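Okay, so here's the structure we're looking at.
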Amino acid sequence: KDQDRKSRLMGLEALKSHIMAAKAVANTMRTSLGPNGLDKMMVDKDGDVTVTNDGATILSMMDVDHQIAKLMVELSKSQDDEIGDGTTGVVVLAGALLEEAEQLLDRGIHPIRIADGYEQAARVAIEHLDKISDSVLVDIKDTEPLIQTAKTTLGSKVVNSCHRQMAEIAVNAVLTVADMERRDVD
Amino acid sequence: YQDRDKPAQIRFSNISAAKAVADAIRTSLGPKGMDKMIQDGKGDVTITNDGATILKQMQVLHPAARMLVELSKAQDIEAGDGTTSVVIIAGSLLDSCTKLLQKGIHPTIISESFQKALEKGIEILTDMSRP
Amino acid sequence: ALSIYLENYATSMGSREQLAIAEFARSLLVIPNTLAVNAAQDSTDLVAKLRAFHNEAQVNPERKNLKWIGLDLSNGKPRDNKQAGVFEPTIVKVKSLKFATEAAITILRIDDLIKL
Amino acid sequence: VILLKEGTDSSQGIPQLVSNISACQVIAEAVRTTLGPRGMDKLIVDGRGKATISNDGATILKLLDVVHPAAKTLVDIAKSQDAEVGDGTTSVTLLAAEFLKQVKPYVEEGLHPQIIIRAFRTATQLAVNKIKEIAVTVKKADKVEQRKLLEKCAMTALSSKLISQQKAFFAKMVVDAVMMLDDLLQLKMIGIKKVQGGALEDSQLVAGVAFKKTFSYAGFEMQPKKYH
Amino acid sequence: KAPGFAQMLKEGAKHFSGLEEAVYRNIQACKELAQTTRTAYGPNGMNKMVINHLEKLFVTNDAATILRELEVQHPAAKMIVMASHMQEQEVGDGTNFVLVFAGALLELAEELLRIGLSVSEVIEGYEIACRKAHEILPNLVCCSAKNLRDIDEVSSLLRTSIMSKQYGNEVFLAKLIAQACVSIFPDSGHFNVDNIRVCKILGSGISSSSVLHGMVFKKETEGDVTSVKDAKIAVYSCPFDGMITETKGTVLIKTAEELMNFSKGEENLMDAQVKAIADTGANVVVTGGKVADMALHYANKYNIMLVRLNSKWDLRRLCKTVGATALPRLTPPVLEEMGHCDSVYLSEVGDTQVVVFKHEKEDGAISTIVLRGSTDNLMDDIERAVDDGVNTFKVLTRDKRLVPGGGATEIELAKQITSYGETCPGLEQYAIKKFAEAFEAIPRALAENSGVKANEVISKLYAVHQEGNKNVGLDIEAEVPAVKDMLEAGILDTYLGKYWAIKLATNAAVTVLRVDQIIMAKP
Amino acid sequence: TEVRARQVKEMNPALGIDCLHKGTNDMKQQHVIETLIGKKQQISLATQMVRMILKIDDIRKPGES
Amino acid sequence: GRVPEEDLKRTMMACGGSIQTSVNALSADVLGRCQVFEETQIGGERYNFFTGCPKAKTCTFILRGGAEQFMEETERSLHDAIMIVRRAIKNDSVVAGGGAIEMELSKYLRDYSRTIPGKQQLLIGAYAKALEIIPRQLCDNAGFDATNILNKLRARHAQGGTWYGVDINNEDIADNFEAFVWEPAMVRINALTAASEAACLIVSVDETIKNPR
Amino acid sequence: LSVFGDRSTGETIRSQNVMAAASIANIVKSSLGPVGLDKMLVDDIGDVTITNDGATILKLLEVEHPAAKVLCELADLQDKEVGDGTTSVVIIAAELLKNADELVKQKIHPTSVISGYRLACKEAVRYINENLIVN
Amino acid sequence: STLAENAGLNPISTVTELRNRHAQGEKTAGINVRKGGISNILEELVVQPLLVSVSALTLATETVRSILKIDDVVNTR
Ligand SMILES: Nc1ncnc2c1ncn2[C@@H]1O[C@H](COP(=O)(O)OP(=O)(O)O)[C@@H](O)[C@H]1O
Ligand SMILES: Nc1ncnc2c1ncn2[C@@H]1O[C@H](COP(=O)(O)OP(=O)(O)O)[C@@H](O)[C@H]1O
Ligand SMILES: Nc1ncnc2c1ncn2[C@@H]1O[C@H](COP(=O)(O)OP(=O)(O)O)[C@@H](O)[C@H]1O
Ligand SMILES: Nc1ncnc2c1ncn2[C@@H]1O[C@H](COP(=O)(O)OP(=O)(O)O)[C@@H](O)[C@H]1O
Ligand SMILES: Nc1ncnc2c1ncn2[C@@H]1O[C@H](COP(=O)(O)OP(=O)(O)O)[C@@H](O)[C@H]1O
């Protein structure tokens, strides 16, 4: 039923069309990356006006009717619970990988083969990050540097006026609900 | 940016005309190179795979594309071999330049950079050669 | 006869040449298929009957399997050309396959046209 | 003025068969890339805008509901294969369109359709006879327990996957979950639940029903958690 | 601007001029009707992907179903279709004989009219050849039914009619229908297709079917009673549900206790309603729609056999046999309008319980063929073979005369008629000879549908008939265009099937030739 | 490229970009450090989304007639 | 409380009770039973489960991973893994998967078609080439070169191969029987029958009829 | 690119040369064998040379196409070398191109096709020589 | 990749395989069209002088540098 006016497009013309949609969501957010990121003026359905550069808030308000772009938003919904900070880094990196993949489709690579290549490189990257990592609170429960590092990231947001008082508050909260020995915070 | 003045259109005009001469002569490379059909204006037709003969019988009118034709003649006088490989290399470098120019890199920086690769390139081939 | 032999030989080589030798085998059947149409007979059946008598010669050399069976145009039925006397020179079938192969090679190498 | 059709659209002969052959290939193309475990997915959108992503051939054909007459024949045939077996709809759909494609040039050359049917009915029975003659029964090959061979077949589908390093654990979870059931086995019975976080080896296999239990209301230190 | 249309003065209808051959146009409408069914002729007939008016897909090769679904609007084609409907009377086969033969008579008539022969002289030749064909057809009668009521005999002759409707499965269907037909032929002079009913059930395949006596109904008995010999059968069209009063009957409920009181009052009333069924001496009840849960237990309380017939045609099937008519009210104790039956019981066949109305006390002259199939479209196409198969032997209750099939009679009858036209001087020989060539279209249909050069079949069929080898027809085979004897193979057609087909086909063709102009009207 | 060359030629330890226009690179001095679980999930979720998009070649939606 | 209906109905068929909306009809008719019930601590959160129910024909498998795609991709592969184990125990007769059986039939039917004079020769051979699509699309979908594999695969069957087929993991041919890539023979038999029966319905059709509505 | 002529590349050039050689074959396909049908040859003036001999047709056949002229030059090689079999040559070569063009659509390079046809001709001459009968 | 294409091989897998053989081996690894695949070119005796490869990069790069320096063209009379 309703076969008339049915969407029908496949092959490289479809993949490049899907890649074209993901790039628009990435390029829209590529400028809002970092503390020097350009804000985004969001107008609500109720007529409100807001301005911010939060990657998560940009995607929640961005009601892209394209289906491939909706998956990019569903991805970020889970990232806020795992990473928190680099929500723009995920979308910007995905758009970069898809943009570089478009150069490979012209060379004649299959999408599933590119998928296997990135999975192999993603393991090489994840293996390299542990080598260049460093500890902070190893073998000791300390509260001084834990207040320092969290205070640096907060300085970019509107809490910059009283950024120091917020960091000490975030430490006593997690320290209260959870124990640093068990290392399972809720 | 505004980009009111657009002199880059002449770069893409010279790169496209230069890349066109390479794309035609590409398939005729090697012993198994696919032959090509040339038809003279009188009516005669011939078949050949020698890249030097094909460039002469192309009647190239663009200035930038003529530089690849005169380039192939320089290789014949100096070396006498690799006539087709030169035009294919130049077409790919210019095609690669089309990606760099879009990124905002100047032709002079690209020009000076390629000379450094040429300087290191000659050392690579000379080291792995057989005296 | 070559339609069955070359089709079996194609399975031995491989290496992006199994399909080409198989299409070379199928291409030769146009001659008995064309001779059958000109003789006002069903080319699909007579071409199939030739390949069956020739394939049986390949399965085993037993005398019950007919051998060297040709195509009679008048009666519209296969016939043994050794008895019927329908013979041709060897150089014809050899040169015609060689020259026809060189011609298709000369055209397949043409991937471009330049006019002046 | 006085015509026979008067809206009755009808065409017959070779053009009708060739039209149905091409319409059947469209259904093949819709499920051609989903063949195999590593097949490409398919995105389907209903009228409400809800998305549907799945690489199962049977689930794709149910959501299409193509209105072409010849296409409905393959869909109803494939749907019956899903109800009876639940697997092989893509193989049936691809082979049918491919049998139709190979006989397409012969149909155009004046070959009758009925002669083609005698070939499929003949070649099919010869193929079914060749399967049973060459097929092999494997019950206790090499004196190996069935729990071990089924482990090899389980990890085969799981090989070179995101859980390839720990598929030995995941391979046993499949054999354990299937062996827990009675003689009447079914895929719907053995449910699965997802829990984000934690190592891959920490995937648990509850013998009964399990759920997240978002109930966090008052009632602690009472309500004994054990019952006979 | 003049000159406009010529001979156009009646409602602006498309009146073909003398150059446009108005007669040639009504013939073309009939030729197109043949091509829609010329391919479905024979055992190798091609199926038609018919789209019902309800947007339902059905794949079949039956002629009556094709024309019933194909809205034939041309009147010149309706006449031939009316002959097909008249063909269904006095015989249940030979429908495509009317379409293929009449299409050849009209198609060949154009070759005569183009020469200049008058349409009135063409009609006289076909009428003379039809009368001559009826004199030659008795001489072609090869065998005749022994009337021994033998399943080995009835099944053997029935194979020809079953084929061309459901090919390949002609062995099972011939045995089953033979078992159903043989059980009524003892009822001398009363055989009819209305007795031999059909009941389709979703099942494994056609091989899992069988025959059972009495009016079988696929819906199992809903009640808990296994068997009951009660004659009074109460049929109701209204389902067992919440009652409504035909008068005002205003029901007001406010509190929750009053809801339970009225609910109890309804159950006490329904208990009295089902009580009234047993009070009228009737332990059987039928229902069209749903059946309530409490009323179901009431049927088991008084051991009243509950019956469910959702199909309307199943209900009317009982109204004309047992007499139980459906009333509009829900369980009115109307004992006068109830039915009468000798035995009613449940029976499990093919792993399915089916309601049965068997006639144990009475002699019994009714049967039913319980078909099994994994597709509703397949069983329906097999049902059409039962009608054309059973009706073949309804004709054999008349004069038992069989003729060869497979196009054998069509060549001999053409050969005998062609000789009559060669020696007959005058202008009628032109139409008499073409009447013989019209018979050749039927072997040409069988040959084309089997993938064989038709001209080679006619050449061989005439040679063997020239040597006197009658009863020789087309050997149905893809890779063998030769011929074989229809008697040795057992392929035989009915005499009355060819008699009434050649008669009605000629009248339909002559009736179309007599017409020369189609004119509109208004009341 | 200047930061990348410094990660090889100048010194082997990793060095970042001075986006806030502070003194210089080597964010370790600037005290700008992200979680290891953060970066591991960042490029993992990004790759998983690319594979999910690369393995889709047909978006079928019926139109209104 | 707050139990999903699917989990409740899954426990309904496992315990053998009934989900009654109103609490007024709650009695022994709807109440279920179980042998051993215990509240565990899977991943910190509590998970209720009744073990050893009377109608215990069901179970549940809780997955764990670093993200949803680790579990979703794992969810798809395990559902077929359950069917593979479910198939091997039911039907002991099997054949090599990955298109290995399809290439063997292509050799038998093609060599058989030569001995069949008539129009059936080209068609039985056409039936054979149609079986190539199953091992072909597995190579095309896996990103491999179907030419190099099919030519190397069809050559192996001629020399004596009977189980060699397509390997989705490694871009080469492999003995799918020794690799334990099996499928039920009767399920594969029903695929060819339904395929030919479906093609025969389309080939046997010559005209389409449409009642004007 | 700007030039004093015209250029055309791609797979369609192979197809254009395939359909050309296939056309020349159909002109001498029905006239194959001793029961071959005659064919007209309308010259530029108006004369009509009617004949069924394939060699006589190709000598007079004038199709202004390069691929067709290759088969005309090919005819002279077979006529001078042997003097027979020219009709089967043009027909065999036309089917090899129509079949090879289908392989090229299946991503089979012409070099792999050219290699297969060369080995097939070698083995075909071997099977022919092994199955002769001397005078 | 152009030589591999003309030899019927895959243009990508040929150069992709050779880039690993050159990282591990030497310049002996190259495309052999006589055999139709990758082989040790030093054993096949298929070599060319050094001036061909050096003069090619020298003259080609100078032409690319010359074409890159073209800002515009002026039509004189
Ligand atoms: N003080 C800083 N100095 C240098 N780089 C920074 C600083 N703060 C954040 N960044 C960089 O900006 C990027 C985005 O940071 P953040 O704004 O927290 O995430 P998002 O842009 O996704 O909201 C990170 O990748 C990080 O490397
Ligand atoms: N016999 C051969 N085997 C492998 N490669 C070859 C062979 N002959 C030439 N080549 C390669 O083909 C390229 C072009 O060779 P050549 O035809 O002499 O120059 P051009 O194509 O410029 O006229 C060279 O780079 C060489 O490596
Ligand atoms: N591990 C594997 N290796 C090779 N081939 C496989 C593997 N798993 C499945 N296949 C192939 O994939 C095809 C399709 O399998 P499946 O998805 O179960 O059926 P369908 O695609 O009809 O739903 C089968 O023909 C089988 O041969
Ligand atoms: N096995 C057979 N061989 C030859 N002819 C057959 C065979 N079976 C049936 N026929 C022919 O098919 C024709 C049509 O039969 P049927 O379909 O019952 O009537 P209609 O086509 O008028 O509906 C008959 O005239 C009969 O001769
Ligand atoms: N007596 C014959 N019987 C059957 N076939 C013949 C006979 N004579 C010639 N042929 C066929 O006719 C074809 C053409 O023969 P010929 O005219 O000598 O060559 P060409 O047609 O190329 O000039 C040959 O391929 C041969 O098979």
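As shown in the structure tokens, the chain order sets the letters A, B, ...; within each chain, residues go from 1, and ligands are also counted from 1 in the order they appear.
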**Request:** Name the residues in contact with segment 168-183 of chain G at a cut-off of 7 Å, using only C-alpha atoms, excluding same-chain residues fewer than 6 positions from it; report them as a PyMOL selection string.
**Result:** (chain D and resi 152-153+160) or (chain G and resi 94-98+142+144+149+153)
**Request:** May I have the residues within 7 Å of ligand 3, computed using only C-alpha atoms and all ligand atoms, as a list in words?
**Result:** residues 34, 35, 36, 37, 56, 57, 58, 87, 88, 89, 90, 91, 92, 156 and 157 of chain D; 97, 98, 99, 134, 138, 166, 167, 168 and 181 of chain G
Dump as a short mmCIF file (atom, residue, chain, number, x, y, z; two decimals), in the first residue's frame, selection limited to N, CA, C and O atoms:
data_model
loop_
_atom_site.label_atom_id
_atom_site.label_comp_id
_atom_site.auth_asym_id
_atom_site.auth_seq_id
_atom_site.Cartn_x
_atom_site.Cartn_y
_atom_site.Cartn_z
N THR D 34 21.14 -7.33 2.08
CA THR D 34 20.96 -7.87 3.43
C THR D 34 21.30 -9.35 3.53
O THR D 34 21.12 -9.93 4.60
N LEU D 35 21.80 -9.96 2.46
CA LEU D 35 22.10 -11.39 2.49
C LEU D 35 23.37 -11.63 3.30
O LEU D 35 24.42 -11.07 3.00
N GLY D 36 23.25 -12.47 4.32
CA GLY D 36 24.38 -12.85 5.14
C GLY D 36 24.37 -12.16 6.49
O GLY D 36 23.54 -11.28 6.75
N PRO D 37 25.30 -12.53 7.37
CA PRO D 37 25.35 -11.84 8.68
C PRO D 37 25.85 -10.41 8.58
O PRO D 37 25.33 -9.53 9.27
N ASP D 56 17.14 -7.89 8.50
CA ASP D 56 16.43 -9.14 8.29
C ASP D 56 15.53 -9.02 7.06
O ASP D 56 14.74 -8.08 6.96
N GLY D 57 15.67 -9.97 6.13
CA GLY D 57 14.90 -9.90 4.90
C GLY D 57 13.41 -10.04 5.14
O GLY D 57 12.60 -9.37 4.48
N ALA D 58 13.02 -10.90 6.07
CA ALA D 58 11.60 -11.11 6.34
C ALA D 58 10.95 -9.85 6.91
O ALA D 58 9.84 -9.49 6.50
N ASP D 87 13.47 -18.30 8.38
CA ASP D 87 14.77 -18.03 7.78
C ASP D 87 14.76 -18.55 6.35
O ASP D 87 14.10 -19.55 6.05
N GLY D 88 15.50 -17.87 5.48
CA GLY D 88 15.58 -18.22 4.08
C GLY D 88 14.70 -17.41 3.16
O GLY D 88 14.62 -17.74 1.97
N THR D 89 14.04 -16.36 3.66
CA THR D 89 13.20 -15.54 2.80
C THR D 89 14.02 -14.81 1.74
O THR D 89 13.56 -14.63 0.61
N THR D 90 15.24 -14.38 2.09
CA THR D 90 16.07 -13.66 1.14
C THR D 90 16.59 -14.59 0.05
O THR D 90 16.67 -14.21 -1.12
N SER D 91 16.96 -15.82 0.43
CA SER D 91 17.41 -16.79 -0.56
C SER D 91 16.29 -17.16 -1.52
O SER D 91 16.51 -17.30 -2.73
N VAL D 92 15.07 -17.32 -1.00
CA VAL D 92 13.93 -17.62 -1.86
C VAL D 92 13.61 -16.42 -2.75
O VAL D 92 13.27 -16.58 -3.93
N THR D 156 31.03 -19.29 15.34
CA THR D 156 31.20 -19.04 13.91
C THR D 156 30.46 -17.78 13.48
O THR D 156 31.02 -16.92 12.79
N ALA D 157 29.20 -17.65 13.89
CA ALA D 157 28.45 -16.43 13.60
C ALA D 157 29.02 -15.23 14.35
O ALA D 157 28.92 -14.09 13.88
N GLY G 97 27.10 -24.33 4.16
CA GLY G 97 26.53 -23.03 3.87
C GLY G 97 27.48 -22.17 3.06
O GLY G 97 28.41 -22.65 2.41
N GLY G 98 27.22 -20.86 3.10
CA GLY G 98 28.04 -19.92 2.35
C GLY G 98 27.99 -20.11 0.86
O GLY G 98 28.94 -19.74 0.16
N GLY G 99 26.91 -20.68 0.33
CA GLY G 99 26.79 -20.91 -1.09
C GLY G 99 27.54 -22.11 -1.61
O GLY G 99 27.64 -22.28 -2.83
N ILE G 134 23.72 -16.53 -4.84
CA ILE G 134 23.80 -16.71 -3.39
C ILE G 134 25.25 -16.55 -2.95
O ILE G 134 25.52 -15.75 -2.04
N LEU G 138 27.03 -12.64 -1.29
CA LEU G 138 27.79 -12.74 -0.05
C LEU G 138 29.19 -12.16 -0.21
O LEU G 138 29.76 -11.63 0.75
N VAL G 166 31.96 -19.61 0.35
CA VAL G 166 32.38 -18.24 0.61
C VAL G 166 32.67 -18.08 2.09
O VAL G 166 31.91 -18.56 2.94
N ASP G 167 33.78 -17.40 2.40
CA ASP G 167 34.15 -17.07 3.77
C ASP G 167 34.00 -15.56 3.95
O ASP G 167 34.78 -14.78 3.39
N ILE G 168 32.99 -15.15 4.71
CA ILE G 168 32.74 -13.73 4.92
C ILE G 168 33.86 -13.07 5.71
O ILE G 168 34.05 -11.85 5.61
N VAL G 181 30.22 -24.28 9.17
CA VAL G 181 29.21 -23.37 8.62
C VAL G 181 28.18 -24.27 7.95
O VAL G 181 28.28 -24.59 6.77
#
**Item:** Near-residue 36 of chain F list (10 Å; only C-alpha atoms; drop same-chain fewer than 6 positions) as an MDAnalysis selection string
**Value:** (chainID A and resid 83 126 129:130 132:135) or (chainID F and resid 42)
**Message:** If we count only C-alpha atoms and set the cut-off at 7 Å, which residues sit around segment 97-107 of chain H, ignoring sequence neighbours fewer than 5 positions away in its own chain? Please answer as a ChimeraX atom specification.
**Reply:** /C:23,104 /H:15,18,113
Go ahead and write the residues just picked, N, CA, C and O atoms, as an mmCIF file, in the first residue's frame.
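Writing done, so here's result-v2.cif:
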data_model
loop_
_atom_site.group_PDB
_atom_site.id
_atom_site.type_symbol
_atom_site.label_atom_id
_atom_site.label_comp_id
_atom_site.auth_asym_id
_atom_site.auth_seq_id
_atom_site.Cartn_x
_atom_site.Cartn_y
_atom_site.Cartn_z
ATOM 1 N N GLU C 23 32.711 -17.846 -22.273
ATOM 2 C CA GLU C 23 31.986 -17.079 -23.281
ATOM 3 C C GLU C 23 32.528 -17.345 -24.678
ATOM 4 O O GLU C 23 31.772 -17.297 -25.654
ATOM 5 N N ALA C 104 38.429 -9.427 -32.470
ATOM 6 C CA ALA C 104 37.774 -9.029 -31.230
ATOM 7 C C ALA C 104 38.770 -8.446 -30.239
ATOM 8 O O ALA C 104 38.419 -7.559 -29.453
ATOM 9 N N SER H 15 30.739 -0.294 -26.376
ATOM 10 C CA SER H 15 29.408 -0.695 -26.818
ATOM 11 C C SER H 15 29.127 -0.217 -28.235
ATOM 12 O O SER H 15 28.510 -0.937 -29.028
ATOM 13 N N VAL H 18 30.858 -2.443 -30.414
ATOM 14 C CA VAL H 18 30.238 -3.762 -30.347
ATOM 15 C C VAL H 18 28.997 -3.805 -31.229
ATOM 16 O O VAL H 18 28.828 -4.717 -32.046
ATOM 17 N N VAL H 113 39.779 -10.460 -20.452
ATOM 18 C CA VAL H 113 39.023 -11.089 -21.530
ATOM 19 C C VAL H 113 39.941 -11.414 -22.700
ATOM 20 O O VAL H 113 39.828 -12.480 -23.317
#
**Request:** Tell me, as a ChimeraX atom specification, which residues lie within 9 Å of segment 52-66 of chain H, counting only C-alpha atoms; anything in the same chain fewer than 2 positions away does not count.
**Result:** /B:37,39,45-46 /H:17,20,24,27-41,43,50,68-72,75-76,79,83-88
Write to file, as an mmCIF file, in the first residue's frame, the residues of the selection just made, with C-alpha atoms.
data_model
loop_
_atom_site.group_PDB
_atom_site.id
_atom_site.type_symbol
_atom_site.label_atom_id
_atom_site.label_comp_id
_atom_site.auth_asym_id
_atom_site.auth_seq_id
_atom_site.Cartn_x
_atom_site.Cartn_y
_atom_site.Cartn_z
ATOM 1 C CA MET B 37 41.353 5.464 -31.873
ATOM 2 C CA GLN B 39 40.565 9.925 -36.719
ATOM 3 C CA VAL B 45 41.453 6.478 -38.903
ATOM 4 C CA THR B 46 44.316 4.834 -37.028
ATOM 5 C CA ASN H 17 32.046 -0.620 -31.533
ATOM 6 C CA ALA H 20 28.709 -1.777 -35.076
ATOM 7 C CA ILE H 24 27.910 -5.968 -39.918
ATOM 8 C CA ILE H 27 24.134 -8.304 -42.804
ATOM 9 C CA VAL H 28 25.863 -11.655 -43.526
ATOM 10 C CA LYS H 29 24.229 -13.875 -40.891
ATOM 11 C CA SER H 30 21.120 -15.074 -42.739
ATOM 12 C CA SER H 31 23.236 -15.669 -45.877
ATOM 13 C CA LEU H 32 25.353 -18.317 -44.110
ATOM 14 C CA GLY H 33 25.615 -21.757 -45.679
ATOM 15 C CA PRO H 34 24.551 -23.127 -49.060
ATOM 16 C CA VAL H 35 20.878 -22.296 -48.350
ATOM 17 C CA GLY H 36 21.724 -18.684 -47.564
ATOM 18 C CA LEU H 37 19.296 -15.982 -48.608
ATOM 19 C CA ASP H 38 20.189 -13.413 -51.244
ATOM 20 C CA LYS H 39 20.664 -9.749 -50.348
ATOM 21 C CA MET H 40 20.447 -6.517 -52.318
ATOM 22 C CA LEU H 41 23.352 -4.079 -52.715
ATOM 23 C CA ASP H 43 25.071 1.225 -55.107
ATOM 24 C CA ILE H 50 21.844 -9.390 -55.674
ATOM 25 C CA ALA H 68 33.362 -2.196 -39.387
ATOM 26 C CA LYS H 69 36.393 -1.353 -41.531
ATOM 27 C CA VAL H 70 38.537 -3.505 -39.225
ATOM 28 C CA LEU H 71 36.367 -6.487 -40.162
ATOM 29 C CA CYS H 72 36.629 -5.496 -43.835
ATOM 30 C CA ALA H 75 38.132 -10.211 -44.649
ATOM 31 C CA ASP H 76 41.062 -9.627 -47.009
ATOM 32 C CA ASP H 79 40.425 -14.447 -48.425
ATOM 33 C CA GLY H 83 39.838 -18.074 -49.613
ATOM 34 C CA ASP H 84 36.904 -19.252 -47.478
ATOM 35 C CA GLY H 85 35.359 -18.866 -44.046
ATOM 36 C CA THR H 86 35.091 -15.070 -44.149
ATOM 37 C CA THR H 87 31.403 -15.137 -43.207
ATOM 38 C CA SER H 88 31.946 -17.259 -40.091
#
**Item:** Near-ligand residues for ligand 4, threshold 9 Å, only C-alpha atoms and all ligand atoms, as a PyMOL selection string
**Value:** chain E and resi 37-38+40-45+61-64+92-100+159-165+167+385+388-389+392+404-409+442-443+446+473-477+486+489-493+497-498+501
